[PDB]
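Colleague:
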Amino acid sequence: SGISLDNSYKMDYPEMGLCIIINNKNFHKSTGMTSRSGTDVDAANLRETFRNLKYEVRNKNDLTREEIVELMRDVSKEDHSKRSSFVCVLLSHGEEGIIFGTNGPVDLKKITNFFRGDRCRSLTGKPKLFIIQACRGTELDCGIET
Amino acid sequence: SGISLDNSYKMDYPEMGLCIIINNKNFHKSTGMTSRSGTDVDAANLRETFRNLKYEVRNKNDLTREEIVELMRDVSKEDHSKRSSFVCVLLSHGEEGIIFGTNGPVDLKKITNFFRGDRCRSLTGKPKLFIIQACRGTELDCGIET
Amino acid sequence: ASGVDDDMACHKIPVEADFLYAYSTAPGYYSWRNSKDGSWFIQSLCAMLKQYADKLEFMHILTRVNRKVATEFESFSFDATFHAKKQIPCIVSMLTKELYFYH
Amino acid sequence: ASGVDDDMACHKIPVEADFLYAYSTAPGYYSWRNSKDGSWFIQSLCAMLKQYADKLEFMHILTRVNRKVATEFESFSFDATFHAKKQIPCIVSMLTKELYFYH
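From first to last, the protein sequence lines stand for chains D, P, R and L. For the first sequence, this note's numbering gives the first residue as 27, with consecutive numbering after it. For the second sequence, this note's numbering gives the first residue as 27, with consecutive numbering after it. For the third sequence, this note's numbering gives the first residue as 574, with consecutive numbering after it. For the fourth sequence, this note's numbering gives the first residue as 574, with consecutive numbering after it.
(1) Have a look at the DSSP bridge pairing and note the partners of residue 179/D.
(2) In whole angstroms, what is the alpha-carbon distance linking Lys-609/R and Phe-649/L?
(3) On the DSSP letters alone, give me the boundaries of the beta strand (DSSP E) that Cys-619/R sits inside.
(4) Do the segment 52-68 of chain D and the segment 611-621 of chain R meet, that is, are 3 or more Cβ pairs less than 8 Å apart?
(5) Consider the Cβ of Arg-99/P: report whether some Cβ of chain L lies at a distance smaller than 9 Å.
(6) Quick one: which chain D residues come within Cβ less than 7 Å of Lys-585/L?
(7) Could you tell me how far apart the beta carbons of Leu-155/P and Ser-111/P are, in whole angstroms, since I believe they sit closer than 8 Å?
(8) For a test of the three-state rule: what should DSSP assign to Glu-92/D, helix, strand or coil?
(9) Closer than 7 Å, Cβ to Cβ, to anything on chain R: give me those residues from the segment 634-649 of chain L, in chain order.
(10) Step through the CB atoms of chain L and report whether any lies within less than 9 Å of the CB of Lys-670/R.
(11) Going along chain D, which residues have a C-beta under 8 Å from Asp-144/P?
(12) Go ahead and label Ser-597/L buried or exposed: buried means 16 or more other beta carbons lie within 10 angstroms of its beta carbon, across all protein chains shown.
(13) Looking only at C-alpha atoms, which of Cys-663/L, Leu-668/L, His-676/L, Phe-655/L sits nearest to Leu-166/P?
(14) May I have a chain-ordered list of the alpha helix (DSSP H) segments no shorter than 4 residues that lie completely inside the segment 132-167 of chain D?
(15) Going by C-alpha distance, which of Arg-162/P, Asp-32/P, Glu-171/P is nearest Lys-641/R?
(16) Just to confirm before moving on: does the CB-CB distance between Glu-647/R and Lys-628/R stay below 9 Å?
(17) Find the nearest neighbour of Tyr-603/R within the set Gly-127/D, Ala-70/D, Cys-161/D, judged by alpha-carbon distance.
(18) Could you check whether the segment 137-144 of chain P touches the segment 575-587 of chain R, counting it as contact only if at least three pairs of C-beta atoms, one from each stretch, sit closer than 8 Å?
(19) Around the C-beta of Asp-100/D, are 16 or more other C-beta atoms found within 10 angstroms, so that it is buried, or is it exposed?
(20) Taking 9 Å as the CB-CB cut-off, is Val-588/R touching chain P?
(21) At least one CB of chain P closer than 9 Å to the CB of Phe-651/L: is that the case?
(22) For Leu-593/L, which residues from the same chain have a beta carbon less than 8 Å from its beta carbon, with the 5 sequence-adjacent residues on both sides left out?
(23) If we define contact as Cβ-Cβ less than 9 Å, is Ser-30/D a contact residue for chain R?
(24) 9 Å is my cut-off, CB to CB: does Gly-151/D come that close to chain P?
(25) Residues in the segment 590-603 of chain R with C-beta within 8 Å of chain D's C-beta atoms, listed in sequence order?
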């Protein structure tokens with residue numbers, strides 16, 4: 027055939043892939059964390075948006091740190107052979123490199139490692155996207171007048 | 027006039043801007059850091075590459091942590107009004123969020139803060155690019171066969 | 574030219590390659606959320622995807638999200654400490670190719 | 574619609590906006606350099622800029638750099654611990670617009 031460049035990911039597999047949305051609104055009193063009002067609006071907006079992009083959206087609400095890890099591990103062990111990509115949206119409280127489950131923190135590294143090129147072969151060479159709505163510290167931006 | 031979109035930075039100012047290259051090859055024995063062989067090849071490649079992009083390249087070799095801060099502060103206090111952007115290339119040993127001067131570490135945050143939108147007004151709204159060749163930790167990537 | 578670290582017989586890629594992290598805020602910063610309309614980031618992300626997913630490469634879409642959040646949002650708080658603050662999303666790409674949701 | 578955090582009379586942008594960090598390697602990882610040809614990242618960056626600076630938007634250029642480093646380089650070391658390792662650059666963008674070096 028003619029010249030082939032391979033500058034963009036192959037996104038024409040039978041399925042676009044999964045879009046896992048973890049929506050943590052209510053946290054265990056024992057953690058002292060407050061509820062995240064308005065997160066349900068985000069979760070719904072994301073579901074509709076990615077539905078229109080032809081993703082297989084799976085939503086989960088108020089997951090403990092254990093359930094987050096179990097969910098991610100389970101999803102990474104699925105056969106993604108016929109899927110073009112993978113998307114995971116995390117909506118919760120957080121700190122640098124951390125996302126909070128309803129009963130404690132989860133290292134983002136722990137979550138993403140399940141999808142490493144060597145640990146999830148059916149996703150090797152395919153785009154793995156993690157959208158994170160959470161704090162990354164306690165700094166505030168005062169901004170500047172334009 | 028016709029419809030204006032503003033989707034790309036204005037890069038047609040009289041000058042493209044500065045390209046500051048900090049090349050640290052030799053470190054003080056007192057630090058125990060080894061020399062970075064081959065960095066001069068990088069420094070020269072960068073000078074030629076950005077020269078061709080019409081940048082005003084300024085190279086500096088083996089700068090102490092104090093000189094790095096002084097250099098960055100001085101450059102940030104210049105009048106960049108007629109410049110489209112700013113580029114800084116850091117070539118040295120490093121760790122996460124840190125770049126090494128010849129006699130010790132320098133927080134990258136300290137360096138970039140000089141160029142904040144509120145601290146360098148002649149660069150407000152203009153692209154500020156920092157190219158960093160340095161370690162960000164001690165992890166190694168075993169890779170996976172394709 | 575020839576060297577010890579190039580053109581391997583067996584082709585491999587980094588196990589960390591092909592990941593993209595779309596952070597709602599800059600490293601070390603708080604992330605803002607409107608108790609009624611949702612987070613500034615997710616609101617903006619969905620809006621830009623809805624408007625450009627069939628027209629622009631993903632990084633360009635996320636750049637549009639960066640601009641929307643940066644220019645259109647500013648916090649309101651009865652606590653002066655948290656009042657009138659800004660936010661700039663942070664795109665972290667370790668992708669190796671352009672990404673279009675359409676084909 | 575109307576809210577407390579949008580459409581401010583006085584326009585402001587984040588003080589952290591319009592920054593782009595082109596890291597040679599992923600967060601927490603070593604960065605490789607050939608004692609003779611230079612670092613894998615700078616080598617690749619210069620090559621891609623030379624070839625595409627007058628043809629592609631900056632993020633797309635950096636994406637090409639990501640792919641070049643990821644596929645063409647692998648370490649060689651007499652120390653098994655550091656032998657046959659890979660690297661993937663890391664693009665961190667807080668830019669609000671597309672960036673072309675030409676006009």
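Cβ atoms here follow ideal geometry from the backbone N, Cα and C, with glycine treated the same way.
Modeller: With the given structure in hand:
(1) This structure cannot settle anything about residue 179/D, because the visible part of chain D is limited to 27 through 172.
(2) Here residue 609/R refers to the residue found at position 36 of the third sequence. Here residue 649/L refers to the residue found at position 76 of the fourth sequence. Roughly 55 Å between the two C-alpha positions.
(3) Numbered from its first residue, the third sequence carries residue 619/R at position 46. That residue, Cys-619/R, is in no beta strand (DSSP E); its alpha helix (DSSP H) goes 613-625.
(4) yes
(5) Here residue 99/P is taken as the residue at index 73 of the second sequence, counted from 1. For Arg-99/P, the answer is no, since every Cβ of chain L falls outside 9 Å of its Cβ.
(6) Against the fourth sequence, residue 585/L aligns to sequence position 12. Under the 7 Å cutoff, chain D gives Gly-169, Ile-170, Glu-171, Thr-172.
(7) The sequence position of residue 155/P within the second sequence is 129, counting from 1. The sequence position of residue 111/P within the second sequence is 85, counting from 1. Going by Cβ atoms, the distance from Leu-155/P to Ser-111/P rounds to 7 Å, so yes, they are a contact pair.
(8) Taking the first sequence and counting its residues from 1, the one referred to as residue 92/D is at position 66. Looking at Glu-92/D - three-state DSSP - the assignment turns out to be helix.
(9) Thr-636, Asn-639, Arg-640, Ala-643, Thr-644, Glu-645, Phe-646, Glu-647, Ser-648, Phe-649
(10) Sequence index remark: in the third sequence, residue 670/R carries index 97 (1-based). It does; some Cβ of chain L falls within 9 Å.
(11) Start at 1 with the first residue of the second sequence, and residue 144/P comes out as number 118. Within chain D, the residues near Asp-144/P are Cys-168, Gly-169, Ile-170.
(12) Taking the fourth sequence and counting its residues from 1, the one referred to as residue 597/L is at position 24. Label assigned to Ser-597/L: buried.
(13) The count along the second sequence starts at 1 and reaches residue 166/P at position 140. Comparing Cα positions, the closest option is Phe-655/L.
(14) 134-139
(15) Within the third sequence, residue 641/R is the residue found at index 68, counting from 1. Checking every option, the nearest Cα to that of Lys-641/R belongs to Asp-32/P.
(16) On the third sequence, position 74 is the one that residue 647/R refers to. On the third sequence, position 55 is the one that residue 628/R refers to. In this structure, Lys-628/R does not lie closer than 9 Å to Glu-647/R by Cβ.
(17) Counted from its first residue, the third sequence places residue 603/R at position 30. Nearest option by C-alpha distance: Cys-161/D.
(18) no
(19) Sequence index remark: in the first sequence, residue 100/D carries index 74 (1-based). Exposed, by the Cβ-count rule.
(20) Here residue 588/R is taken as the residue at index 15 of the third sequence, counted from 1. So, interface residue.
(21) As a position in the fourth sequence, residue 651/L is number 78, starting the count at 1. No - not a single Cβ of chain P is within 9 Å of the one on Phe-651/L.
(22) Within the fourth sequence, residue 593/L is the residue found at index 20, counting from 1. Cβ neighbours of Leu-593/L beyond the five flanking positions: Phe-631, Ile-664, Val-665, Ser-666, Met-667, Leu-668, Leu-672.
(23) In the first sequence, counting from the first residue as 1, residue 30/D sits at position 4. False, the Cβ-Cβ gap to chain R never drops below 9 Å.
(24) Walking along the first sequence from the start, residue 151/D turns up at place 125. Yes, contact with chain P.
(25) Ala-590, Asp-591, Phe-592, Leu-593, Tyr-594, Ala-595, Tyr-596, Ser-597, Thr-598, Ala-599, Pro-600, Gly-601, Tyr-602, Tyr-603
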